Amino acid sequence: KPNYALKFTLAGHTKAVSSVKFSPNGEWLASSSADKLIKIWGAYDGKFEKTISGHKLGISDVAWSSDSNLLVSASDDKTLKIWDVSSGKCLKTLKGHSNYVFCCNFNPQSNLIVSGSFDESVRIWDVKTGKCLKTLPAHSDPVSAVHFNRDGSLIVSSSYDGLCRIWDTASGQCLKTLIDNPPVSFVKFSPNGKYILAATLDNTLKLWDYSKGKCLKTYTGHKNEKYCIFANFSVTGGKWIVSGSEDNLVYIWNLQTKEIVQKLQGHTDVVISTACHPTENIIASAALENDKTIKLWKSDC
Ligand SMILES: CNC(=O)c1nc(NS(=O)(=O)c2cc(Br)cc(Cl)c2O)cn1C1CCCC1
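Cut-offs applied
Residues numbered from 1 in each chain as written, not as in the entry; some residues may be left out. Heavy atoms only, no water. Residues with missing side-chain atoms left out of burial classes, pairs and counts. UniProt positions renumbered as here; feature names shortened; annotations may be inferred. Core = buried A, V, L, I, M, F, W, Y, C linked by side-chain atoms within 4.5 Å. Buried < 20%, exposed > 50% of the residue type's maximum accessible area, 1.4 Å probe, protein only. Helix = DSSP H or I, 4+ residues; strand = E, 2+ residues; numbered from the N terminus. Contact = heavy atoms within 4.5 Å. Pairing = 2+ DSSP bridges. Axes fitted to C-alpha atoms, helices over the stretch in contact; angles between N-to-C directions. Salt bridge = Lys/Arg side-chain N within 4 Å of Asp/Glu carboxyl O.

- Identification of the protein as WD repeat domain 5 from Homo sapiens is taken from the PDB entry.
- This entry appears in the Protein Data Bank under the title "Discovery of fragment-inspired heterocyclic benzenesulfonmides as inhibitors of the WDR5-MYC interaction".
- Looking at the Subcellular location heading of the UniProt record, one finds this comment for the protein: "Nucleus".
- What UniProt states about the protein under its Sequence similarities heading is, verbatim, "Belongs to the WD repeat WDR5/wds family."

Put into structure tokens, the structure is as follows:
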């Protein structure tokens with residue numbers, strides 16, 4: 001079992017935090033908030049680095065380019081913005097969605113951005129020009145998550161409509177639909193690209209072989225019936241699953257046995273987002289508006 005212990009609490013956001021993400025080079029943590037701001041923090045000591053501003057309404061998600069030089073943010077103002085992290089300047093505003101943008105990601109190559117929106121569509125965008133390349137009629141309800149696989153050739157999307165879908169990046173064609181149908185609040189590809197991890201608002205995480213349409217594992221015991229809470233694979237030490245929870249705790253499961261191996265206590269509101277450091281056994285966690293803080297935790301395995 002891991003032994004994550006609190007090392008830093010990071011205050012500064014003035015509304016609920018929505019997303020935390022470590023930069024791929026391990027140096028930074030980015031946070032987004034309903035307060036319309038992105039904040040950059042040192043990944044190792046939690047020292048505040050800078051505030052990035054420009055969105056007109058709150059932000060649901062942020063994501064890093066693979067070279068850690070760009071961020072993209074998804075906002076209720078119906079746009080995404082591409083930011084140069086070093087200068088804090090908005091490089092591009094991605095316009096096209098007709099309602100709130102809820103989720104976003106770069107592909108590994110980082111020449112594309114994928115977004116999902118309340119408008120039920122998935123859009124694929126050219127990073128260099130900011131132009132929308134494809135609009136996928138992906139779902140019949142808000143899109144809660146979008147993620148590229150390890151080589152960028154596939155996209156997975158989830159939605160409140162109860163579906164997960166796998167898309168061919170180049171053609172935009174839907175290659176697979178996984179379908180009771182509780183709302184899907186989060187999905188991402190596994191590190192080895194063969195599985196997807198999906199959160200449903202039945203307080204359950206499920207590890208699916210999407211090619212076979214078989215559910216290999218389920219992770220339960222946490223509380224998730226309302227919010228789109230990020231889940232993570234922890235790949236630096238022991239193989240874990242990490243998720244926030246609506247009972248204010250961080251949950252950590254053994255990937256193989258599905259046993260809860262740790263619960264991290266300290267937040268005073270829903271833990272809406274967690275993130276796992278790329279090389280060290282470090283977790284970042286973030287909570288809603290009774291709390292508004294980010295916590296950094298460290299384990300020996
Ligand atoms: C000894 N290996 C396994 O037990 C195993 N690895 C995977 N691959 S994975 O999900 O992508 C993955 C997850 C984590 Br957390 C870290 C890494 Cl590095 C990684 O590759 C799946 N499993 C089993 C088979 C179904 C569930 C457990």
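Once you've had a look at it, read on.
### A few points about the nonpolar core
- One finds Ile196, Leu197, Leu205, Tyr219 and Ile241 to be the most contacted residues of the largest nonpolar core, which totals 26 residues.
- Elements represented by at least two residues in this core include exactly β15 (154-159), β16 (164-168), β18 (184-189), β19 (195-200), β20 (204-209), β22 (231-234) and β24 (250-254).
- Apart from the residues within four sequence positions on either side, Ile196 is in contact with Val156, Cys164, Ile166, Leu178, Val187, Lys188, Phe189, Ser190, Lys206, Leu207, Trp208 and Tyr210.

### Structural notes on the sheet that holds strand β21 (residues 214-219)
- On the basis of which strands lie adjacent, the open sheet formed by four strands has the order β18-β19-β20-β21 and antiparallel pairing. With one partner strand each, in any of the chains shown, β18 and β21 form the two edges of the open sheet. Averaged over all adjacent pairs, the angle separating strand axes in this sheet is 25°, with direction ignored.
- Pairing between β18 and β19: five bridges, direction antiparallel. Within β19, the residue paired with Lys188 across the bridge is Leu197.

### So, the pattern of salt bridges
- Tallying each qualifying case throughout the model produces two salt bridges.
- The shortest N-O distance in the salt bridge between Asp61 and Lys21 comes to 3.1 Å. Taken as a pair, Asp61 in strand β6 (residues 59-64) and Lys21 in strand β2 (residues 17-22) lie far apart in primary sequence, 40 residues in all. Each of the two residues, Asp61 as well as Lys21, counts as buried.
- Residues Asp209 and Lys212 are paired through a salt bridge, measuring 3.7 Å at the closest nitrogen-oxygen approach.

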